[PDB]
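For reference, the structure is listed below as structure tokens.
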Amino acid sequence: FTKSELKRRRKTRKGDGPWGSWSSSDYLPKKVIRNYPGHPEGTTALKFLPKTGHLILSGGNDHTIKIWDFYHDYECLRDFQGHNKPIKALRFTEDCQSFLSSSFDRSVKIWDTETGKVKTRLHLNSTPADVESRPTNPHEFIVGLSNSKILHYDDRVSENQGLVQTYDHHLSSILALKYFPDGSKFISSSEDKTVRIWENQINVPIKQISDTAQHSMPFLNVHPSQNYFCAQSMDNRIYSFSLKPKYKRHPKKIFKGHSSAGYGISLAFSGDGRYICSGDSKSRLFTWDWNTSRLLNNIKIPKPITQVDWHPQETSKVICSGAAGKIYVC
Amino acid sequence: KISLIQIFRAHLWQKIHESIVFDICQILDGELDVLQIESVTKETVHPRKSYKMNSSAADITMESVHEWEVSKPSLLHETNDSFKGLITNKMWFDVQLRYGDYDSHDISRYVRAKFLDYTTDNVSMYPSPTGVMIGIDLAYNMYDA
Amino acid sequence: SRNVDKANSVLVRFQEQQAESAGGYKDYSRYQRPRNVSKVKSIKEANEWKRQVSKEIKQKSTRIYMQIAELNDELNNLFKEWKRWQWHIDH
Amino acid sequence: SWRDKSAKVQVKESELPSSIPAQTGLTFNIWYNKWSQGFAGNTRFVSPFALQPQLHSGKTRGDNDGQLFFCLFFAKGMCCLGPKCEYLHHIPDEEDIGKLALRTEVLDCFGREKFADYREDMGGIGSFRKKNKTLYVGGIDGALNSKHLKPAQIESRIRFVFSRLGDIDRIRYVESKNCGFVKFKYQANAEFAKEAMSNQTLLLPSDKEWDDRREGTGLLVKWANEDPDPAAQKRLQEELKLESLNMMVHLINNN
Amino acid sequence: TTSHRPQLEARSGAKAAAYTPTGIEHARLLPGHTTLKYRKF
Amino acid sequence: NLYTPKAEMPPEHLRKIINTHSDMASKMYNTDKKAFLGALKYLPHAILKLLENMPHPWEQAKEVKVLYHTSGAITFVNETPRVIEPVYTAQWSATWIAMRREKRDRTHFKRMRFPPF
Amino acid sequence: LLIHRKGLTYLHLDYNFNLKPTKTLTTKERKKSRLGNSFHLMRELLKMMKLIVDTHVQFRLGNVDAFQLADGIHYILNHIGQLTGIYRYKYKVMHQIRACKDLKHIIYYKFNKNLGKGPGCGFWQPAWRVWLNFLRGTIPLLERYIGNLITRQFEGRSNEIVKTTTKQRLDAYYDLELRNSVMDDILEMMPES
Amino acid sequence: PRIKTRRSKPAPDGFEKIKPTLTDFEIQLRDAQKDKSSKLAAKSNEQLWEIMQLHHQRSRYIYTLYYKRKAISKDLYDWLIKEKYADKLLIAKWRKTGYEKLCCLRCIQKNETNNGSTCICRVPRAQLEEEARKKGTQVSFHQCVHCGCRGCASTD
Amino acid sequence: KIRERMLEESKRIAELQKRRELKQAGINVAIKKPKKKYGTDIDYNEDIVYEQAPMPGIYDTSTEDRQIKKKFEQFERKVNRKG
Amino acid sequence: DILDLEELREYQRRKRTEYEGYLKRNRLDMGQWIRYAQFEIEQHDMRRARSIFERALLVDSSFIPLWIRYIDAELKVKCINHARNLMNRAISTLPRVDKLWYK
Amino acid sequence: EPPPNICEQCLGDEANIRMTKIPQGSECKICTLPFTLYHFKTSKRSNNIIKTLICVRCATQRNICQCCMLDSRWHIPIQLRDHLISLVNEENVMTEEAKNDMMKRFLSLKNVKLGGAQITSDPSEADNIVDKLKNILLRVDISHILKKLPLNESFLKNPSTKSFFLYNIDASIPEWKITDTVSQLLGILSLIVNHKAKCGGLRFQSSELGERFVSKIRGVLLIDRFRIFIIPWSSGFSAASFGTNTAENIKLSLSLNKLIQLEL
Amino acid sequence: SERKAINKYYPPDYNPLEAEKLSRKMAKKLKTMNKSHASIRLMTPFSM
Ligand SMILES: O=P(O)(O)O[C@H]1[C@H](OP(=O)(O)O)[C@@H](OP(=O)(O)O)[C@H](OP(=O)(O)O)[C@@H](OP(=O)(O)O)[C@H]1OP(=O)(O)O
Ligand SMILES: [Zn+2]
Ligand SMILES: [Zn+2]
Ligand SMILES: [Zn+2]
Ligand SMILES: [Zn+2]
Ligand SMILES: [Zn+2]
Ligand SMILES: [Zn+2]
């Protein structure tokens, strides 16, 4: 080889040092009562108003959000047209005047509940997968993302688009978040096979949840007695954990029988505490007793029912929906 | 070993500590307005605390309605301690049990040393810079603070 | 003291409890078998109780070869129990 | 062909299963990587992973390095390294059997050293004395999650899955014993298919049971004993005589 | 009594010769008196 | 045939090796486990070398040359604490005077607790 | 790892090198787990080194200042007898402990002249020398001890342990040799063989 | 590097202008230190190769700045050597003919190789290529075990 | 000890008779070999345990060797079918 | 007693384990050796019987009833040439014993 | 201490081989006793590392290579070697291998060759064996499923059929030979054969492949002069076609046999 | 460990009072805690 040829050969290496490569490549529910005409292409999120459930909030495909009354007319009060992609999550702030919305457009928007006005809008570098807000403060919210970060925001803050803090101890996409009902601590789950509890506005997790056989947990919720919380693991079983400062799992509180895997199926609780519910990919609306994890029933409601929610005062009443679009009420 | 675990069988050490803590808390409740106390809180202390002999925490934590005038540290039966030095709104009571021996049964020296040691660590053991440590010697049946 | 009251010490029992909580481990031979089968809901744990009945009838049948009458009585009773376990997991 | 594409990464490094096995005792032994203080509960479990030969096969570093041996974890359907693997990511074929033909007497196609005696279990790598081409297929009830299935249906399942993994001489299913026997053309394909199908399910995505396939114990794939059938024995004697006569040609022509 | 027996033959040292040492360092086999004396002649 | 001196590695390399051998559950660590048990006979030597090089009261942070096995099994301090005897005597005499003065002046000398952790 | 290879997972080793059983042990467990003086000497030397290292760690965290560090090192080296328990497995270390006590006496009564009582004496160099010179002669002993132990772990135990004639075996071996002597004489003189 | 202490003298002028680059090298090494808990032996070796690369690269930064760009005073270079931001003895190799792009010192430690040879990464790539061609194969050498170097002959 | 021997033979005959019953029922269970007390323990049926063949003398033994082989295999078939 | 070949194998395992244990614990009981060899002749396994007689001779080659038993055992099963080799060996090792010559 | 016994086919063709000796480095695969391990590579840049698996005294006892356990004269495995010799000798010889570990240790130390080894360990005997070898080479629901089987119909040009029925399959035939001969005819295929049934079914990927198959010569297919007969099977088949149990398959085989004997 | 060991290892989370309460709940289900007799070694008190 000539020196010029050796010079050209050096330039072909994929890297500017010795490590550059030469490689080639370059109570009990019984029966359905009514159904609302939800999103024709499919409902992806549902929520009752938090303290009193007189209204049902809905979001799904067709890039739209809608709100329905639960009494006297059973009709949509108003729509919200400001999204370009399907709704991922919806969350009423703890003072009912506003709700948070996230979509696959990488945009998180907070809407005025009664007027339908965008209080503020956030544009993100990654797809948000959950939105949540403090029980003690309606102005404070949190956003989990696909890039394993958790962004923290207070809408009164203008600096850095209101980003008050960021959390980092997660090796993959965040899948769900939940505040404690006191709102001083919050919980988050990830694509990485672990869950963490965090002090609010502190970048250190106070506890880690891991086991040699733990599956990922795409949804998480709190039992109304608030001594315990719960999550829907991809093992086709739901699990429950203590909110007490030991934060350990409780052994016999396993909830099996439902086809969950590959879908973001929701889980919900009766307002009296004593009963719990989940969807299914083949439309069996499952229910269980919370006191002993005993099975209750399933209803073959008219397809994956990804969303379920239970009224804070209407005993034995529950709503569900999914890709079928229609929003069924028992 | 057999004789002393026979005496302290069925967790008697922790029982003694809990009962004395409750007794001091329950009599501080009866003087709450007298001493201008906003609240008396029995603390949820770690179970090994009663026999954690190299470290400590507050057993009772106590709030002020309006701030107290407190002395520099002094023994329970010293008389001339003057309150003008220092001011605080939070205080704690720490109950320490010991089992003495012939070399060491001066409980007053024990509480003084343990107080001045624990209150002057780089990392603070207690929820306030001011408080009282109470000591009980079980072998010799003595008390001081 | 003997092996039995060492194994039934508080520390060993607590470690058993922690192991059945933390990893699902349970040596079923330690524990009294349910008299009524229908109160058992998992197919896994019902089959494990069935295995306990199986090893019990094996050990009894090793001693069958008053003696024959009483052990035959207990043997067929345990076969009745085994039938009930098989029935339960089959329904 | 597998030669037309670079090998797929089967499982990501973060998706690999934990090394600590399921708990069967009170304390984890850091030396033995096993549980001590009691022994209760079964150690068998269904594999989370399965090979998909047309999808996962492809070229690797091993093809460029002149490698002989196949990837153990490719067969298990859980290779982390994909195209950066030193070992071959494809089903063994007559070319590679020919390349292995020297080492094959004492080594597995995975390059593992053979033993003198089989395990009492008849599991494991196999014997350098026997040159066995036949796999016993047990645990078929657990591989179907105890689903009731007709015998010819079971045979059709076994026929499908094992025929992806090599050229086959015979498959037979025995209803009374509830077990199958698969014989390959080459011992290398029997070696490969054993590790590929060990602890797997026979269930389909079409089955109603598919969403709980992980719960039981999978297929129990072992070396077969000698067939006691007299027809098979005289067939074995005939092929032994034929192999002997073919070898006489080589000895005579060399000397 | 049959556990309690006399010695009919002693164990042969030929058995110990049949396999190799296993590397245990005994204290009495450490070096010592490492030089031989010799007589005047 | 030919000799060259032992290469000195980055300290982060050793630090990483000690970090990775935390749990050792994988099959890749069998040979490392055996090396760990074989290292056990050389621990009193390593303990002597460590304590021999202990920092004296007048120095904050003593950097020491070390020899370590690439399995992470054991780390020896590979140096001798050579000192100039009249200087060492003067250093310890200054330390002696300072400690005397501090015991005099410090109103309350708070001793450590043992074990510290 | 040595504990776990021997299967003694029912014993736990603290991070301050105390060995404690996790449960009340069976007699077979007690016999099987009866670790010897080699392990224990190794463990207690690690414990001593751990104490020293932990004081330096406390200094470097800023929790105690330099004078407290000096006094702490001096206290450890003087109070090995109370902190470490190493005498239980090698009682000849009492010479080191006694030497440290004597050194403490002479050091204190040079140091505390016109100062009075209380902690603060950090002149730890003599006791430090005592323990280093102990480690000098402890290295070959523990190397032999631990080597034989680990050799037993990997290679196993020798098949052909020849018991010596100690005074517990003296009478039995006398009987065996006398019996063989009588038998040799009588079987030689008998005509019929 | 060596931790700042009363033992150490303050940095000469110009250390502030190079500090951002050194701090990012520090950041990368702090990340690389940690127990990522790799399961495989191969990927565990790759993580040590990362550290060796970072060590090389920071030493190359200081080396090029002082010896080639001449943007650095002798005092500042001596300070960086003394506080061990840079590998003294590897820089000493880069000054020699035929070693201008050496990866690390272990790869030329002949007295510990099985055959008494250097590491294979010091062979020029053309020589390995023509040996492989004469044998009739591709080149089997990708990365050497010591540091992951893919070839550091000065021609390459 | 004789009581223990009685109990051991009782358990052996238990296994034997159970195996015979199951053989009459057409489910052919194999007899369980004894458990090895130590890892190197011997099964004396698998090998002639320490075979010391007779040293070959001047006389040819071949004809009576094949006769003995005939006798042994005849006995084996006989015990298989007649018991 | 024994109805099946597998049952014969069980019986033979038990008896062989018994005899081998006793001859391990005390090899010098020549009568025990002789009756173990007799057991294997009863099993018609002449290879095992020959091996046991050979091992017994290795324990003690001077004991004349053991030689006579082995020779007679070979002759009883019509193995005349084996017996011829054996007797020639017998006189070759013990030429001064009249009984072997007469046999 | 004897030298290693390694064959030329293990060592390769390079002029020089570096080899690493390790005393007591390995435990022998045959006898479990420790031995001096040798290991080498055929060239410096070959990526597979070859090692002695058996000790030298086990290897000389068997007359085999320590690295591949083929016969060190004839380069064939022990079973085939002892079988070959036992065709030339009337009185059989075979390598009797110990099963108990103490017998494995015991057997390895006696210095006597085993099986066919002595007959191959000197040139005179081995040459005599091959000279003699040259002389050797010089010298019940059947009544239902028989309407599911296509036996009433024939091999034809016009009907497009993707599936076929195979019968008169000799049990000697492996499945792969059938697939291979169809592959030869098509110039390249799901096959079921039940050998207890002596029949089977063949299913093609698409109709043009089946049409190309029927384009080449009820029909017949040849496997080493076994005349497999073939019929187009328009009704799709599965494994159930040949019977649900072993007895049904055997009964079907006898039925097909008498049908073949009528057809011939 | 020796016969006369002073200390046993307790896990860091071990509360003795909760442990005893849990072990009491467990004791009602263990076989050998509920069998009707205790095995003992004794001498025959009289000729029988
Ligand atoms: O038993 P000793 O070796 O003699 O040492 C005893 C103490 O050690 P410990 O028993 O371990 O506590 C020691 O304190 P420490 O070394 O712990 O700091 C005291 O020194 P100082 O008060 O600080 O000056 C001694 O007082 P003097 O008598 O003035 O030397 C005391 O002696 P005593 O037992 O006769 O009273
Ligand atoms: Zn791979
Ligand atoms: Zn390099
Ligand atoms: Zn390098
Ligand atoms: Zn290199
Ligand atoms: Zn061998
Ligand atoms: Zn070879």
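Whatever order the structure lists them in is the order used to number ligands and atoms, beginning at 1. In what follows, every chain begins at residue 1, and chains take the letters A, B, ... in the order their sequences are listed.
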Heavy atoms only, cut-off 4.0 Å: how does [X] contact ligand 1, side chain, backbone, both, or neither?
| X | result |
| --- | --- |
| G:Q82 | neither |
| G:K104 | side chain |
| F:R111 | side chain |

**Prompt:** Which protein heavy atom lies closest to atom 27 (P) of ligand 1, and at what distance to 0.1 Å?
**Reply:**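 Looking at atom 27 (P) of ligand 1, the protein heavy atom closest to it is G:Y109 OH, 3.5 Å.
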Non-hydrogen protein atom less than 4.0 angstrom from [atom]:
| atom | result |
| --- | --- |
| atom 4 (O) of ligand 1 | yes |
| atom 15 (P) of ligand 1 | yes |
| atom 35 (O) of ligand 1 | no |
| atom 32 (O) of ligand 1 | no |
| atom 12 (O) of ligand 1 | no |

Should we count [atom1] of [X] as having more than 12 external heavy atoms under 6.0 Å?
| X | atom1 | result |
| --- | --- | --- |
| B:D101 | CG | yes |
| F:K110 | NZ | yes |
| A:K14 | NZ | yes |

Worksheet item: What's the verdict on salt bridge (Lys or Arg N to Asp or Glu O under 4.0 Å) for H:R125 and H:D156, showing C-alpha distance, side-chain angles and the deciding distance?
Response: CA-CA 7 Å; H:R125 191 71 178 187; H:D156 306 348; over 6 Å; no
Proximal candidate to atom 20 (O) of ligand 1 [heavy atom criterion; set G:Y108, G:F111, F:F109, G:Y75]: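 It is G:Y108 that holds the nearest heavy atom.
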Min over B:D103, G:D71, G:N78, G:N112 of heavy-atom distance to atom 24 (O) of ligand 1 lands on G:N112
Do the charged groups of [X] and [Y] touch, with an N to O distance under 4.0 Å?
| X | Y | answer |
| --- | --- | --- |
| D:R112 | D:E191 | no |
| H:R60 | A:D16 | no |
| H:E46 | D:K84 | no |

Return yes or no for this condition: an N or O of G:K117 is under 3.5 Å from an N or O of ligand 1.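 For ligand 1, there is an N or O atom that lies under 3.5 Å from one belonging to G:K117.
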Checklist entry - Polar-atom distance check: G:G118 versus ligand 1, any N or O pair below 3.5 Å? => result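 Yes - when backbone and side-chain N and O of G:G118 are compared with those of ligand 1, one distance drops under 3.5 Å.
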(message) Show me which atoms of ligand 1 lie under 4.0 Å from any heavy atom of G:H105.
(response)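 With G:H105 as reference, the close atoms of ligand 1 come out as 2 (P), 3 (O), 4 (O).
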Output yes if K:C67 passes the N/O/S-under-2.8 Å test against the Zn ion (ligand 7); output no otherwise. no
Between K:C68 and the Zn ion (ligand 7), is there a contact where an N/O/S atom of the residue lies under 2.8 Å from the metal?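 For K:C68, the answer is yes, given that an N, O or S atom comes within less than 2.8 Å of the Zn ion (ligand 7).
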*G:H79 to ligand 1, any heavy atom closer than 4.0 Å*: yes
Measure up the [X] and [Y] rings against each other and bin them: parallel (under 30°), tilted (30 to 60°), perpendicular (over 60°).
| X | Y | value |
| --- | --- | --- |
| G:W131 | G:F134 | perpendicular |
| H:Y61 | H:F25 | tilted |
| G:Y108 | G:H74 | perpendicular |

Is H:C147 close enough to the Zn ion (ligand 4) to have an N, O or S atom under 2.8 Å?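 For H:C147, the answer is yes, given that an N, O or S atom comes within less than 2.8 Å of the Zn ion (ligand 4).
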Would you say H:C149 has an N, O or S atom lying under 2.8 Å from the Zn ion (ligand 4)?
no
Which of F:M99, F:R106, F:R104, F:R100 passes side-chain contact (heavy atoms from CB on, under 4.5 Å) with F:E102? Answer is F:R106
